[PDB]
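Number of protein chains: 2
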Amino acid sequence: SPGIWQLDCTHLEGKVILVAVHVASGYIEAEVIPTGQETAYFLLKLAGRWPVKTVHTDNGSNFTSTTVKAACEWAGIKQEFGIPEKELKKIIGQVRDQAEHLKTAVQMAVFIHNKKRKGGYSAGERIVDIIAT
Amino acid sequence: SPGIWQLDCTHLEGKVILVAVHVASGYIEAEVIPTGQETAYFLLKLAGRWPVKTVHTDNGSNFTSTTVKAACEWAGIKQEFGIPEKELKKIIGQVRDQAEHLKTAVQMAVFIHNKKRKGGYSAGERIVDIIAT
Ligand SMILES: Cc1ccc2oc(C#Cc3cccs3)c([C@@H](C(=O)O)C(C)C)c2c1
Ligand SMILES: Cc1ccc2oc(C#Cc3cccs3)c([C@@H](C(=O)O)C(C)C)c2c1
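Chains A and B, in that order, give the protein sequences.
With UniProt numbering applied, the first sequence corresponds to residues 57 to 90, 93 to 142, 155 to 188, 192 to 206, in that order.
With UniProt numbering applied, the second sequence corresponds to residues 57 to 90, 93 to 142, 155 to 188, 192 to 206, in that order.
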C-alpha cells in the first residue's frame, strides 16, 4: 500500500544509521544518529514529507520508547511488529572517499539508491507513481 | 516546473531555520541548523528525496560557500539569484507548547503546512501530482 514503511538500524564507523524503506517502491531515507529521541524526530520529519501509515520493525526496541510512541500518536503512525540495506553499505563504500563525514556519504548513497534505475523506474519515480495513483 | 525550489533563512529563539519551498506546490522542508556545511548537507538530502534542479536565493550569501557549491555540483543543482514563511512561524506558535525542542515544533509545523488543504489539494498532494504528470 502507499503508506507502509519498514524501519531498521544499520552500523558503520561506530555510528548508528537509521534506514526507512518504503516497502512497495524500495525508496529509502536514512540518517546517522547518536536514542529514542532521534528516531521520534526522524519519524516525525518522514511523516510530514510522505504518507506514513504503518511502520514495521524486526524486534521489540521501538515498542519500549515512550518518545517513539508519542511521535507515532501525534502523526497517526501505527507501529507493527514483523516486517511485511547491504546495497546501502555497498554504495557508501563506492562514495566514502568523496566525503569527509560519514553522514554525507550516507546521503550520497541514498541519492544514488533512489535516483538510479534497476530502462525502467527509479525508487524515487516509483514512490511518487504509487502515491499519485 | 517540477524541480524549482526557493531556499531562505528564518529565525526563532536565536536559532536559524532553513526553509526549502517547492515553488509550484507550496510544499516545504525546514531544519534548525547551527554555517555553509549545514546548508550543503540539507541540500544534498533534499536532492536525494525530490527532483531539485534550480535553487533560488534572495541575496548573495549562498554564492560565497565553496561547500554549498560542491553539494550543488555533486547533485546537479543550479543556483539562481532572484527568487522566481510567516505562515510557518504562525503554525510553530500554534504547536510550540506541544514540544520541548524548537526543532520538533518546526517539523510539527512543516507536517501541518504540507498536510492541510487550502476541499482541494494539500501541498504534499500537489508536489507529488506535479512530479507524476
Ligand atoms: C559534496 C558534498 C555535498 C554535501 C555535503 O554536506 C556536507 C556536510 C556537513 C555537516 C553538517 C554538520 C556536521 S557535518 C559535506 C561535508 C563532507 O564532505 O563531509 C563538507 C565538510 C565537505 C558535503 C559534501
Ligand atoms: C510528539 C513528538 C514527536 C517527535 C519528537 O521528536 C522529538 C526530538 C528530538 C531530538 C533529537 C536530538 C536532539 S532533540 C521530540 C522531543 C520534543 O518534544 O521536543 C521529545 C524530548 C519529547 C518529539 C515529540
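For every residue, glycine included, the Cβ atom is placed at its ideal position computed from N, Cα and C.
Rounded distance between the beta-carbons of residue j and residue i, thought under 8 Å
i	j	result
residue 97(A)	residue 120(A)	7 Å
residue 61(A)	residue 79(A)	7 Å
residue 75(B)	residue 89(B)	The Cβ separation is near 11 Å, so there is no contact.
residue 201(A)	residue 201(B)	5 Å
residue 125(A)	residue 95(A)	6 Å
Exposed unless 16 or more other CB atoms sit within 10 angstroms - verdict on residue i
i	result
residue 87(B)	buried
residue 139(B)	exposed
residue 197(B)	buried
residue 183(A)	buried
residue 57(B)	exposed
residue 59(A)	buried
Spatial distance of residue i from residue j (CA atoms)
i	j	result
residue 172(A)	residue 203(A)	31 Å
residue 157(B)	residue 186(B)	13 Å
residue 181(A)	residue 104(B)	9 Å
residue 166(B)	residue 175(B)	5 Å
residue 159(A)	residue 177(B)	28 Å
residue 77(A)	residue 123(A)	21 Å
residue 106(A)	residue 179(A)	22 Å
residue 113(A)	residue 93(B)	34 Å
residue 63(A)	residue 64(B)	31 Å
residue 162(B)	residue 133(A)	16 Å
residue 192(A)	residue 206(B)	19 Å
residue 110(B)	residue 135(B)	6 Å
residue 189(B)	residue 188(A)	Here residue 189(B) is not present, the numbering of chain B passing from 188 to 192 in one jump.
residue 195(A)	residue 66(B)	34 Å
residue 199(A)	residue 82(A)	8 Å
residue 170(B)	residue 137(A)	23 Å
residue 115(A)	residue 155(A)	14 Å
residue 168(B)	residue 68(B)	16 Å
residue 142(A)	residue 141(B)	44 Å
Residues that residue i bridges to, as DSSP identifies them
i	result
residue 83(B)	78(B)
residue 195(B)	187(B)
residue 61(A)	78(A) and 113(A)
residue 88(B)	73(B)
residue 139(B)	115(B)
residue 68(B)	71(B)
**Report entry** Contact between the region 98–111 of chain B and the region 126–135 of chain B (3+ Cβ pairs under 8 Å)
**Finding:** Because the criterion of three Cβ pairs below 8 Å is met, the region 98–111 of chain B and the region 126–135 of chain B touch.
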